[PDB]
Amino acid sequence: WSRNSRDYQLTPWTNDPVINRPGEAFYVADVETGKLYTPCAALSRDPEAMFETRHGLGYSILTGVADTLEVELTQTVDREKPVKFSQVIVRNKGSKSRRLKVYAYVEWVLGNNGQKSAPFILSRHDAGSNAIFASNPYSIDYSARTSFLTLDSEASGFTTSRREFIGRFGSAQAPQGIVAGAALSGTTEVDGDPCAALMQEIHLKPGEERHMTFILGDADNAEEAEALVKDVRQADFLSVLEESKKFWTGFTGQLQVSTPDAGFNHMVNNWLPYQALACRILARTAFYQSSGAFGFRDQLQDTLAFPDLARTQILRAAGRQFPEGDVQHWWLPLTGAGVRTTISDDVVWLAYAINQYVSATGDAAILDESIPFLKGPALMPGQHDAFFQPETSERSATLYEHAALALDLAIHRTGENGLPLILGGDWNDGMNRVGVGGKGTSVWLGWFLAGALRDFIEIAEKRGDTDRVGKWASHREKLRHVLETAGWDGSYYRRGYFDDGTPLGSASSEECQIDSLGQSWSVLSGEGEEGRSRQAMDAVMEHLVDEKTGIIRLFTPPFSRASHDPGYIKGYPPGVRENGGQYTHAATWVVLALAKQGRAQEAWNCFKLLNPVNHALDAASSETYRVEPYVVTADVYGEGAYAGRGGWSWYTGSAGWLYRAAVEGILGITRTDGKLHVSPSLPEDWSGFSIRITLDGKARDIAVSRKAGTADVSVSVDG
């Protein structure tokens, strides 16, 4: 993708887990014997071929060895450049001179989907610069960008038609027009299916390697594209790879641990922060979900596991609030167009993030940043969201004003029971149609609002707004009184109430008997009695106790029937997504609550269920998991014949949350007031660990023994 995912994709995005036809390919087909070698395992039908694929931190090297001919391919991107590098090494370890023909094939689908801009793609070929220029002049808002495919040599052949390259009666493994001839006619005329291919004839000798560099990328405007391709073709490759490796090592190198667990180190040290960044801030796209548009809570939460990133995201998020008080739950990056939904919990996430930032960094000067409002054509009581187009306004405000407006809207949006409404749904999107024109209260959002107020009372007292702090304090007292009185089920906390007054998340209901959100946040927020919180956490063990599959169920009874129509979550198959299945985002709060309450061994045991390594796919006959084990997944199915199957990985809101869990809930590393406070509770199967954090360029080797202490100097707890 170039600017926004599923808006200006370059090659096809087929989320087909069973076939997954490659969108681009690299062939090194021979001349004499006709054998076709490939570094990619999905493009090869040779049973006696060995393939090696390495997934590094910002690079991928795919090696394919067959018939004493090693073909190694490396992939990486260039920083501050919209260009993708592809380095092909054809290493000959035979005993005679071989003649080869290397191919570079790619599918041009520019925009959201093919079959729409299938005829309207223009392909060009340049003589001096051996490149293939493709543009999509029919796109709604991407009709001026050109993509290219060059090579750091003098290519001998090219084509821009699938009918010519792949042809009929052929697949990606036997492309016909790579084996049934030695001439690729250069086609420029527009036909049904566009593509691009390159060509190079090599005369190797025994013991020689040839180093190519295929280039793919784009930039708007033809002259800008030409300048960029000249620059890249004059550039080098190994320097780029070294730069990317250095950047990724230096980022992930700011926090290193040496815990005795072999599967814990390999995740927290390298993969969790990399996944968080590269799949939620840098590119909001994975194999299963593609959505390149900024979320509100998404972006607000993503940059919280770390320092300036949080500040940047807070400013950009708070600069998108309507003057009435509600914010944009969704907005595109460059146009700025978004939606104005009725979702309730959005306006309090900004308050929570500001509290977290001011607690961690301590820069009180962040509260004064004049940022404009927006202008929107209001809402009607007939719809739940509208797209329109925001317009900047001349009415400015600071961050404190924005947070105050958000809280004022939240307080105004309360039901008759005291607990806040949900309208279009709280954190769980599927739980909509419980408010909408009625009185749908909630318990999780009540806890979360009380938690935010618990610190904005202090902030207002420091600032000096007596009228506002008095109102907020009175409201907080009333809300916590309601939570203690209305919201308790007898052994745990409820979830909410429908429009009909029927309790949701209680033992009296046939479906959704027990939630987890309220129980976890009753400890996360800070309020609530110790005994009631302990009883709630013990009752959480009802859906946790399933250690046969190792998941943490959100609902014990999945929504099978529409007894009260809790929204569009009823459509999910039982045990799929947030319908009674494990949801890694919510279980992280469970492990954080268990860790903070004091129970250390239980917290570690629960965390072991979340780590993809030493989970399901640890042995060879763990085919049930089906998903890659080096990255945390969003959800794991919990019922039916697909119990234990993981789905929709990489693009998960659980990256930063799991990372922060592993940081303080286990290791106990907290930046309370700038100074680091260490307070660990090691499991009985551990002895000790050593952490190496580099805050403000200061690398400290904080080593914790069985009881306490530090390697640099002996200090007590809470350093």
# chains A, B, ... in the order shown; residues from 1 in each chain; ligands from 1

$ select_by_dssp --residues "range 392-576 of chain A" --states "strand (DSSP E)" --output "ChimeraX atom specification"
/A:392-397,496-497,503-504

$ residues_around --residues "residue 121 in chain A" --least-positions-apart "5" --cutoff "7 Å" --atoms "only C-alpha atoms" --output "list in words"
residues 134, 135, 136, 137 and 194 of chain A

$ write_last_selection --atoms "C-alpha atoms" --output "PDB file, in the first residue's frame"
ATOM      1  CA  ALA A 134       1.396   2.134 -13.790  1.00  0.00           C
ATOM      2  CA  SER A 135      -1.307   4.596 -12.748  1.00  0.00           C
ATOM      3  CA  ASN A 136      -5.031   4.431 -12.006  1.00  0.00           C
ATOM      4  CA  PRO A 137      -6.601   7.576 -13.494  1.00  0.00           C
ATOM      5  CA  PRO A 194      -2.797  -5.280 -16.115  1.00  0.00           C
TER       6      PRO A 194
END

$ select_by_dssp --residues "range 288-413 of chain A" --states "helix (DSSP H, G or I)" --output "PyMOL selection string"
chain A and resi 297-302+308-318+346-360+364-367+399-412

$ residues_around --residues "residue 617 in chain A" --least-positions-apart "4" --cutoff "9 Å" --atoms "only C-alpha atoms" --output "list in words"
residues 612, 613, 621, 622, 623, 624, 625, 626, 627, 628 and 629 of chain A

$ residues_around --residues "residue 4 in chain A" --least-positions-apart "2" --cutoff "8 Å" --atoms "only C-alpha atoms" --output "PDB file with N, CA and C atoms, in the first residue's frame"
ATOM      1  N   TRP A   1       0.854  -1.173   0.000  1.00  0.00           N
ATOM      2  CA  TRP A   1       0.000   0.000   0.000  1.00  0.00           C
ATOM      3  C   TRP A   1       0.895   1.229   0.000  1.00  0.00           C
ATOM      4  N   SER A   2       0.348   2.371  -0.410  1.00  0.00           N
ATOM      5  CA  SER A   2       1.191   3.555  -0.509  1.00  0.00           C
ATOM      6  C   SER A   2       0.821   4.632   0.503  1.00  0.00           C
ATOM      7  N   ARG A   6      -6.220  -0.413   1.853  1.00  0.00           N
ATOM      8  CA  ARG A   6      -7.475  -0.657   1.129  1.00  0.00           C
ATOM      9  C   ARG A   6      -8.038   0.619   0.514  1.00  0.00           C
ATOM     10  N   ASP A   7      -7.175   1.585   0.225  1.00  0.00           N
ATOM     11  CA  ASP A   7      -7.600   2.748  -0.533  1.00  0.00           C
ATOM     12  C   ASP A   7      -6.677   2.926  -1.725  1.00  0.00           C
ATOM     13  N   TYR A   8      -5.386   2.654  -1.542  1.00  0.00           N
ATOM     14  CA  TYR A   8      -4.448   2.662  -2.650  1.00  0.00           C
ATOM     15  C   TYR A   8      -3.495   1.469  -2.537  1.00  0.00           C
ATOM     16  N   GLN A   9      -4.060   0.279  -2.377  1.00  0.00           N
ATOM     17  CA  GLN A   9      -3.275  -0.945  -2.437  1.00  0.00           C
ATOM     18  C   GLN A   9      -2.605  -1.068  -3.797  1.00  0.00           C
ATOM     19  N   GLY A 292      -6.896   1.284   7.171  1.00  0.00           N
ATOM     20  CA  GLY A 292      -5.769   2.183   7.298  1.00  0.00           C
ATOM     21  C   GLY A 292      -6.132   3.515   7.911  1.00  0.00           C
ATOM     22  N   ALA A 293      -7.358   3.630   8.400  1.00  0.00           N
ATOM     23  CA  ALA A 293      -7.863   4.880   8.937  1.00  0.00           C
ATOM     24  C   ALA A 293      -7.636   4.937  10.437  1.00  0.00           C
ATOM     25  N   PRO A 333      -6.686   9.748   7.458  1.00  0.00           N
ATOM     26  CA  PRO A 333      -5.479  10.518   7.785  1.00  0.00           C
ATOM     27  C   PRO A 333      -5.338  11.822   7.014  1.00  0.00           C
TER      28      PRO A 333
END

$ residues_around --residues "range 152-162 of chain A" --least-positions-apart "4" --cutoff "7 Å" --atoms "only C-alpha atoms" --output "list in words"
residues 123, 130, 166, 167, 184, 185, 186, 187, 188, 193, 194, 195, 196, 197, 198, 199, 200, 212, 213, 214 and 233 of chain A

$ residues_around --residues "residue 228 in chain A" --least-positions-apart "2" --cutoff "10 Å" --atoms "only C-alpha atoms" --output "list in words"
residues 81, 82, 83, 217, 218, 219, 222, 223, 224, 225, 226, 230, 231, 232, 233 and 234 of chain A

$ write_last_selection --atoms "N, CA, C and O atoms" --output "compact mmCIF listing (two decimals), in the first residue's frame"
# COMPACT_ATOMS: atom_id res chain seq x y z
N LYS A 81 10.95 6.94 2.54
CA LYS A 81 10.79 6.77 1.10
C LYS A 81 9.65 5.81 0.81
O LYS A 81 9.55 4.75 1.45
N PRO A 82 8.77 6.13 -0.13
CA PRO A 82 7.75 5.17 -0.54
C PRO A 82 8.28 4.19 -1.57
O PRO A 82 7.93 4.28 -2.74
N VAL A 83 9.14 3.26 -1.15
CA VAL A 83 9.77 2.34 -2.08
C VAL A 83 10.13 1.06 -1.35
O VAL A 83 10.52 1.08 -0.18
N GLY A 217 7.78 0.78 -5.81
CA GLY A 217 7.38 1.91 -4.99
C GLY A 217 6.54 2.85 -5.83
O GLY A 217 6.20 2.55 -6.97
N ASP A 218 6.21 3.99 -5.23
CA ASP A 218 5.42 4.97 -5.97
C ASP A 218 5.52 6.34 -5.33
O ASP A 218 6.04 6.50 -4.22
N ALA A 219 5.02 7.33 -6.06
CA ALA A 219 4.85 8.69 -5.59
C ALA A 219 3.99 9.42 -6.61
O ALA A 219 4.04 9.11 -7.80
N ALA A 222 4.14 12.40 -12.30
CA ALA A 222 5.07 11.63 -13.12
C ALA A 222 6.51 12.12 -12.95
O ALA A 222 7.44 11.32 -12.86
N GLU A 223 6.71 13.44 -12.92
CA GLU A 223 8.06 13.97 -12.75
C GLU A 223 8.63 13.60 -11.38
O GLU A 223 9.82 13.26 -11.27
N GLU A 224 7.81 13.67 -10.34
CA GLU A 224 8.28 13.27 -9.01
C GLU A 224 8.63 11.79 -8.99
O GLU A 224 9.64 11.40 -8.40
N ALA A 225 7.82 10.96 -9.64
CA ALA A 225 8.14 9.54 -9.74
C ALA A 225 9.45 9.32 -10.48
O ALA A 225 10.26 8.47 -10.07
N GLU A 226 9.68 10.06 -11.56
CA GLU A 226 10.92 9.90 -12.31
C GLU A 226 12.13 10.30 -11.48
O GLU A 226 13.16 9.60 -11.48
N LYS A 230 15.11 7.67 -10.33
CA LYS A 230 16.52 7.94 -10.59
C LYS A 230 17.33 7.90 -9.30
O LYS A 230 18.39 7.27 -9.24
N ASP A 231 16.81 8.53 -8.24
CA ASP A 231 17.51 8.52 -6.96
C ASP A 231 17.69 7.10 -6.43
O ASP A 231 18.78 6.73 -5.99
N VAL A 232 16.63 6.30 -6.48
CA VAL A 232 16.70 4.95 -5.92
C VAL A 232 17.66 4.09 -6.73
O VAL A 232 18.49 3.37 -6.17
N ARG A 233 17.56 4.13 -8.06
CA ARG A 233 18.46 3.34 -8.89
C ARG A 233 19.91 3.79 -8.75
O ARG A 233 20.81 2.97 -8.98
N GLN A 234 20.16 5.05 -8.39
CA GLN A 234 21.51 5.46 -8.03
C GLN A 234 21.88 5.08 -6.61
O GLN A 234 23.07 5.10 -6.27

$ residues_around --residues "range 457-468 of chain A" --least-positions-apart "5" --cutoff "12 Å" --atoms "only C-alpha atoms" --output "PDB file with C-alpha atoms, in the first residue's frame"
ATOM      1  CA  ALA A 351      -9.302  11.859  29.825  1.00  0.00           C
ATOM      2  CA  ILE A 354      -4.168  12.582  29.626  1.00  0.00           C
ATOM      3  CA  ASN A 355      -4.115  11.290  33.199  1.00  0.00           C
ATOM      4  CA  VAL A 358       0.693  13.540  33.103  1.00  0.00           C
ATOM      5  CA  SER A 359       1.382  10.824  35.680  1.00  0.00           C
ATOM      6  CA  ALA A 364       2.209  19.849  33.223  1.00  0.00           C
ATOM      7  CA  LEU A 367      -2.361  21.076  29.261  1.00  0.00           C
ATOM      8  CA  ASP A 368      -1.947  24.376  27.359  1.00  0.00           C
ATOM      9  CA  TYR A 400      -7.969  21.096  29.677  1.00  0.00           C
ATOM     10  CA  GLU A 401     -10.938  22.687  27.913  1.00  0.00           C
ATOM     11  CA  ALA A 403     -11.162  17.168  28.512  1.00  0.00           C
ATOM     12  CA  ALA A 404     -13.655  19.276  30.462  1.00  0.00           C
ATOM     13  CA  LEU A 405     -16.013  19.373  27.477  1.00  0.00           C
ATOM     14  CA  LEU A 407     -16.490  14.961  30.693  1.00  0.00           C
ATOM     15  CA  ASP A 408     -19.386  17.428  30.632  1.00  0.00           C
ATOM     16  CA  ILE A 411     -22.045  13.487  32.658  1.00  0.00           C
ATOM     17  CA  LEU A 449     -15.658   7.161  34.246  1.00  0.00           C
ATOM     18  CA  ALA A 450     -15.213   7.023  38.017  1.00  0.00           C
ATOM     19  CA  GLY A 451     -11.545   6.191  37.498  1.00  0.00           C
ATOM     20  CA  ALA A 452     -11.019   9.178  35.207  1.00  0.00           C
ATOM     21  CA  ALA A 473     -17.011  15.409  42.992  1.00  0.00           C
ATOM     22  CA  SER A 474     -20.742  15.259  43.727  1.00  0.00           C
ATOM     23  CA  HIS A 475     -21.302  13.253  40.548  1.00  0.00           C
ATOM     24  CA  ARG A 476     -18.472  10.862  41.439  1.00  0.00           C
ATOM     25  CA  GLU A 477     -19.917  10.269  44.902  1.00  0.00           C
TER      26      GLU A 477
END

$ closest_residue --among "A:344, A:508, A:549, A:383" --to "residue 431 in chain A" --atoms "only C-alpha atoms"
A:344

$ closest_residue --among "A:278, A:569, A:592, A:678" --to "residue 690 in chain A" --atoms "only C-alpha atoms"
A:678

$ closest_residue --among "A:654, A:129, A:361, A:173" --to "residue 311 in chain A" --atoms "only C-alpha atoms"
A:361

$ atom_distance --atom1 "CA of residue 20 in chain A" --atom2 "CA of residue 120 in chain A"
24.8 Å

$ atom_distance --atom1 "CA of residue 66 in chain A" --atom2 "CA of residue 38 in chain A"
8.8 Å

$ closest_residue --among "A:511, A:527, A:164, A:70" --to "residue 559 in chain A" --atoms "only C-alpha atoms"
A:511

$ closest_residue --among "A:291, A:270, A:275, A:535" --to "residue 3 in chain A" --atoms "only C-alpha atoms"
A:291

$ atom_distance --atom1 "CA of residue 688 in chain A" --atom2 "CA of residue 671 in chain A"
21.0 Å
